[PDB]
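Read the structure below first, then the notes.
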Amino acid sequence: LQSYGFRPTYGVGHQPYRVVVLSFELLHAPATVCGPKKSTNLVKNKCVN
Amino acid sequence: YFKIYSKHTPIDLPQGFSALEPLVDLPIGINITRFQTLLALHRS
Ligand SMILES: *[C@@H]1O[C@H](CO)[C@@H](O)[C@H](O)[C@H]1NC(C)=O
């Protein structure tokens with residue numbers, strides 16, 4: 001296990017980078033995380049769909 | 001889905017009718033074939 005010696009006067013491509021990899025999977029459970037459902041206003045006394 | 005209905009009504013069981021309403025909705029996925037119960041003992 002060697003170490004990174006990060007100093008501020010380095011060159012881009014030697015400076016530290018924070019990485020976040022995401023991974024989605026749907027095994028067998030018939031509900032879980034999913035994004036937001038948007039809802040608009042609401043009118044009354046009108047034939048509407 | 002593991003559903004639970006319940007109701008708490010104040011008063012061998014008596015005789016009457018009372019419909020039970022949904023309590024939870026639990027998207028677990030769990031299989032069940034057996035179960036047990038838990039009781040509060042007397043120690044003091
Ligand atoms: C529950 O058990 C059955 C076999 O009795 C199996 O086929 C099924 O996949 C199991 N369900 C879950 C959610 O693991």
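If you're wondering about the labels, chains in the structure tokens are A, B, ... by order shown, residues count from 1 in each chain, ligands from 1 in order shown.
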Exercise for review: Please identify all polymer residues within 9 Å of range 3-10 of chain B, counting only C-alpha atoms, omitting same-chain residues fewer than 3 positions from it, and present them as a ChimeraX atom specification.
Suggested key: /B:18-26
With N, CA, C and O atoms retained, write the just-selected residues as a PDB file, in the first residue's frame.
ATOM      1  N   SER B  18     -67.279  -6.674  13.747  1.00  0.00           N
ATOM      2  CA  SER B  18     -66.498  -5.452  13.617  1.00  0.00           C
ATOM      3  C   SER B  18     -65.441  -5.618  12.531  1.00  0.00           C
ATOM      4  O   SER B  18     -64.557  -6.468  12.657  1.00  0.00           O
ATOM      5  N   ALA B  19     -65.519  -4.820  11.471  1.00  0.00           N
ATOM      6  CA  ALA B  19     -64.583  -4.921  10.357  1.00  0.00           C
ATOM      7  C   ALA B  19     -63.262  -4.228  10.676  1.00  0.00           C
ATOM      8  O   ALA B  19     -63.230  -3.167  11.301  1.00  0.00           O
ATOM      9  N   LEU B  20     -62.170  -4.832  10.217  1.00  0.00           N
ATOM     10  CA  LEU B  20     -60.822  -4.368  10.515  1.00  0.00           C
ATOM     11  C   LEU B  20     -60.257  -3.610   9.319  1.00  0.00           C
ATOM     12  O   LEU B  20     -60.401  -4.052   8.180  1.00  0.00           O
ATOM     13  N   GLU B  21     -59.573  -2.432   9.594  1.00  0.00           N
ATOM     14  CA  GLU B  21     -59.024  -1.528   8.592  1.00  0.00           C
ATOM     15  C   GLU B  21     -57.532  -1.744   8.397  1.00  0.00           C
ATOM     16  O   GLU B  21     -56.831  -2.143   9.328  1.00  0.00           O
ATOM     17  N   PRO B  22     -57.013  -1.456   7.202  1.00  0.00           N
ATOM     18  CA  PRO B  22     -55.569  -1.580   6.973  1.00  0.00           C
ATOM     19  C   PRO B  22     -54.755  -0.737   7.938  1.00  0.00           C
ATOM     20  O   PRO B  22     -55.152   0.365   8.314  1.00  0.00           O
ATOM     21  N   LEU B  23     -53.608  -1.279   8.342  1.00  0.00           N
ATOM     22  CA  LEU B  23     -52.711  -0.591   9.273  1.00  0.00           C
ATOM     23  C   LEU B  23     -51.426  -0.144   8.589  1.00  0.00           C
ATOM     24  O   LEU B  23     -50.994   1.002   8.732  1.00  0.00           O
ATOM     25  N   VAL B  24     -50.804  -1.053   7.857  1.00  0.00           N
ATOM     26  CA  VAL B  24     -49.519  -0.834   7.235  1.00  0.00           C
ATOM     27  C   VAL B  24     -49.638  -1.233   5.770  1.00  0.00           C
ATOM     28  O   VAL B  24     -50.617  -1.849   5.354  1.00  0.00           O
ATOM     29  N   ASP B  25     -48.561  -0.950   5.033  1.00  0.00           N
ATOM     30  CA  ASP B  25     -48.314  -1.433   3.677  1.00  0.00           C
ATOM     31  C   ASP B  25     -46.797  -1.640   3.575  1.00  0.00           C
ATOM     32  O   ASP B  25     -46.051  -0.660   3.584  1.00  0.00           O
ATOM     33  N   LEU B  26     -46.323  -2.886   3.491  1.00  0.00           N
ATOM     34  CA  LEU B  26     -44.905  -3.118   3.708  1.00  0.00           C
ATOM     35  C   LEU B  26     -44.304  -3.849   2.518  1.00  0.00           C
ATOM     36  O   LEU B  26     -44.493  -5.069   2.386  1.00  0.00           O
TER      37      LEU B  26
END
Exercise for review: Could you give me, as a list in words, every polymer residue with an atom at most 8 Å away from an atom of ligand 1, counting only C-alpha atoms and all ligand atoms?
Suggested key: residues 28 and 29 of chain A; 29, 30, 31 and 32 of chain B
Point to revise | chain A residues near chain B (12 Å cut-off, only C-alpha atoms) as a list in words | key: residues 27, 28, 29, 30, 31, 32 and 33 of chain A
Could you save the residues just selected, with N, CA and C atoms, as a PDB file, in the first residue's frame?
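That gives us selection-v2.pdb:
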ATOM      1  N   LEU A  27     -33.736  -6.401  -8.201  1.00  0.00           N
ATOM      2  CA  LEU A  27     -33.669  -7.838  -7.961  1.00  0.00           C
ATOM      3  C   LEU A  27     -35.025  -8.537  -8.038  1.00  0.00           C
ATOM      4  N   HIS A  28     -35.871  -8.386  -7.013  1.00  0.00           N
ATOM      5  CA  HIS A  28     -37.182  -9.029  -7.045  1.00  0.00           C
ATOM      6  C   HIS A  28     -38.261  -8.286  -6.263  1.00  0.00           C
ATOM      7  N   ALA A  29     -37.925  -7.142  -5.669  1.00  0.00           N
ATOM      8  CA  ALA A  29     -38.850  -6.495  -4.742  1.00  0.00           C
ATOM      9  C   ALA A  29     -39.755  -5.523  -5.486  1.00  0.00           C
ATOM     10  N   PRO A  30     -41.078  -5.690  -5.407  1.00  0.00           N
ATOM     11  CA  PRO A  30     -41.959  -4.938  -6.304  1.00  0.00           C
ATOM     12  C   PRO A  30     -42.330  -3.551  -5.807  1.00  0.00           C
ATOM     13  N   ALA A  31     -41.365  -2.846  -5.212  1.00  0.00           N
ATOM     14  CA  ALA A  31     -41.386  -1.395  -5.045  1.00  0.00           C
ATOM     15  C   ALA A  31     -40.096  -0.954  -4.371  1.00  0.00           C
ATOM     16  N   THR A  32     -39.579   0.219  -4.741  1.00  0.00           N
ATOM     17  CA  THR A  32     -38.458   0.858  -4.056  1.00  0.00           C
ATOM     18  C   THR A  32     -38.239   2.250  -4.632  1.00  0.00           C
ATOM     19  N   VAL A  33     -37.067   2.832  -4.369  1.00  0.00           N
ATOM     20  CA  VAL A  33     -36.696   4.174  -4.815  1.00  0.00           C
ATOM     21  C   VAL A  33     -37.073   4.456  -6.265  1.00  0.00           C
TER      22      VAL A  33
END
